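A single chain comes next, written as structure tokens; it is the form solved without the named molecule.
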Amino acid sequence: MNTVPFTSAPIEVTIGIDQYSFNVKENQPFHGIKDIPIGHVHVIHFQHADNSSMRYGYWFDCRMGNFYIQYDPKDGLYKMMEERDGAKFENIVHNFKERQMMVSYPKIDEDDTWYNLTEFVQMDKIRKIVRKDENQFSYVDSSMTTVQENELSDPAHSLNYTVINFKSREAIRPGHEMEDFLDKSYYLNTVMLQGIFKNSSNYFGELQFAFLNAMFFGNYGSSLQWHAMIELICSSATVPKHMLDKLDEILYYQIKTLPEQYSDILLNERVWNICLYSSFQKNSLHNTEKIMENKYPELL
């Protein structure tokens, strides 16, 4: 179990760690988060009490270094940093734990939610979507745009998701216009899976990472990417059976975890109704259809 110490909490903020969150009052004696499960990526995220505008945060993996949070009063945000002095870090964490100034990552033992949301998410792929090679952790926020969004303005601050566009020459083979537009199997299996992602684990990883950014930060371009990657699969007549089974489980946990109160802004009515009731895979997502119908029958 690893630890992300905080130098201090000078400004009132709601802090999230994975799907958990808690309120820290301005100048409250908060010095970080302990007992963080090793083996998974994690996200620590922030929303200031005084400006709910701008949810931001850091993707990190405690196996890749010792990380801490420190408020910057010039730039006005909680920043993640790496401590290279290993002895100083263990010493710091020991003192804060001894004085019980840290909240415990509150994982119930029955609870595989976070594993199921991040099953295919790897730090190394996150850092290829969020480019800032000088840090081992990756910053994301509400307002960052995607490479495809910038094609329709600061490139260093973009989310480099895989561009999916159903009316593109990449998607459509000359002479198979109708075939490839109505059955996207070629684009899924040959262009994307064999060509770009190499395997379905990498595809699912980007899909899961897009959902989580959309959900945690209200990142609109991530939400578009998550739906696009679902729709590409559901609109393909020929999909490996194992991918469909896994997709059903992935979406099931994503739908289970979504705040009921933001379903209206995180779920695209058209894509979901198409995927569950019209597409080639309309009969292949039993768990997802059942939770969708029982939790958001309005959307349908």
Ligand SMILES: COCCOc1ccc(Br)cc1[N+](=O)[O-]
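From 1 onward, residues are counted along the sequence shown.
Omitted from view is the form solved in complex with the named molecule, to which the following refers.
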Does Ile92 reach the named molecule in the deposited complex if we count a contact as any heavy atom within 4.5 Å?
yes
Decide whether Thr7 counts as a contact residue for the named molecule in the deposited complex under a heavy atom distance cut-off of 4.5 Å.
yes
Is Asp183 a contact residue for the named molecule in the deposited complex, using a 4.5 Å heavy atom cut-off?
no
Find out whether any non-hydrogen atom of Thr238 is located within 4.5 angstroms of the named molecule in the deposited complex, and reply yes or no.
no
Pull the contact list for 10-29: residues with a heavy atom within 4.5 Å of the named molecule in the deposited complex, in sequence order.
none
